[PDB]
């Protein structure tokens, strides 16, 4: 992938304004609730027995923060995404056997979380740039599946 100057500006600028803990918790709660088969991977987190429980579950919240911190580590180093995610690829693929289609699903959810968070600042160009990012991170994460 090749990043334009425009794209890097849109991505870093908005990242700088993200509340990670909030958007992380939103993103993971939504993964589990919009796509409930993904709960299979997170049974160790405790009470997942309703939407309110998923949303109030302290492990979902913590885990969410770490996922979106992970995306920040792409944002910080946009030309070395493949390597930034190499151990994560092994974890998700070689050990967890999370199908890659779920990485796409998480990214789409993150776009919608950001939309809600930023309103009109989340311009079309900005959405374009952030979709490319989640798509490039999804690809880096599927690398050791292949």
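Residue numbers count along the first chain shown, from 1.
Higher mean CA temperature factor, per the PDB entry, when comparing 103-111 with 84-92: 84-92.
As the entry records it, the average C-alpha temperature factor is higher for 13-21, out of 13-21 and 125-133.
Per the PDB record, residue ranking by Cα B-factor puts residue 30 in the lowest third of the chain. Placement of the Cα temperature factor of residue 48 within the chain: lowest third of the modelled residues, per the deposited record. Residue 70: CA B factor in the middle third of modelled residues in this chain (values from the PDB entry). For residue 78, the recorded CA temperature factor ranks within the highest third of the chain's modelled residues. Residue-level temperature factors show residue 40 in the lowest third of its chain, judged at the C-alpha atom.
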